[PDB]
Amino acid sequence: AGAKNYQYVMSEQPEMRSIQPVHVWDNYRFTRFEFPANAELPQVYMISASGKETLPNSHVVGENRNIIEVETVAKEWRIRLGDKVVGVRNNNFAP
Amino acid sequence: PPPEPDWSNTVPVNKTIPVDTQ
């Protein structure tokens with residue numbers, strides 16, 4: 177337990193607000209994503225060192241399992257689900 | 021319709037900040 181740094185930014189679009197992630201915070205070990213309880217949990221991708229999107233091993237936690245803990249830390253996250261997408265970017269990078 | 025993140029107003033994902041006031 178110490179001082180963590182969670183600096184994220186997501187595209188502000190009222191159309192993709194449905195899958196819009198509530199809040200996001202990472203850690204030196206793993207990263208967690210908080211999503212609405214009334215909404216569905218989408219799949220969060222990550223931009224590999226190559227240039228394409230890759231789906232990292234995700235996990236589910238929380239009192240309602242509305243959280244998604246990904247086993248990796250990057251600077252660019254691509255949340256996709258159904259026919260909507262929400263671009264997220266981490267401006268800090270602790271690890 | 022095609023979503024695509026236009027980053028129109030680019031809204032952060034940290035507003036509440038989990039710190040738990042004591």
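Line by line, the protein sequences give chains A and B. Counting from 1 along the first sequence, just add 176 to a position and that's the residue number in the authors' numbering. Counting from 1 along the second sequence, just add 20 to a position and that's the residue number in the authors' numbering. In this text, a Cβ means the ideal position worked out from N, Cα and C, and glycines have one as well.
Supposed contact pair residue 27 of chain B and residue 234 of chain A - C-beta distance, whole angstroms, cut 8 Å: Not really, about 24 Å apart at Cβ, beyond 8 Å.
Does the beta-carbon of residue 211 of chain A have 16 or more other beta-carbons within 10 angstroms, so that it is buried, or is it exposed? With 16 or more other Cβ atoms inside 10 Å of its own Cβ, residue 211 of chain A counts as buried.
What are the start and end residues of each continuous alpha helix (DSSP H) run of 4 or more residues lying completely inside the stretch 194 to 227 of chain A, in chain order? The DSSP assignment places no complete alpha helix (DSSP H) segment of no fewer than 4 residues inside the stretch 194 to 227 of chain A.
Option in A/197, A/223, A/228, A/268 with minimal Cα separation from residue 208 of chain A: Minimum Cα distance to residue 208 of chain A is reached at A/197.
Rounded to whole angstroms, how far is the Cβ of residue 220 of chain A from the Cβ of residue 195 of chain A, which I believe are closer than 8 Å? The pair is not a contact, with the Cβ atoms about 10 Å apart (cut-off 8 Å).
Compare the C-beta of residue 226 of chain A with all C-beta atoms of chain B and state if any pair is closer than 8 Å. No, residue 226 of chain A does not count as interfacial toward chain B.
Kindly indicate which three-state DSSP category residue 241 of chain A falls into: helix, strand or coil? In this structure, residue 241 of chain A counts as coil in the three-state DSSP scheme.
Quick check: is the beta carbon of residue 30 of chain B nearer than 8 Å to any beta carbon in chain A? At least one chain A Cβ lies under 8 Å of residue 30 of chain B.
Could you compute how far the alpha carbon of residue 259 of chain A sits from the alpha carbon of residue 192 of chain A? Rounded to the nearest angstrom, the two C-alpha atoms are 9 Å apart.
Counting contacts by CB-CB distance shorter than 8 Å, is residue 263 of chain A in contact with chain B? True, the Cβ-Cβ gap to chain B drops below 8 Å.
Where residue 26 of chain B meets chain A, residues with beta-carbon distance less than 7 Å: Neighbours of residue 26 of chain B on chain A, chain order: 187, 189.
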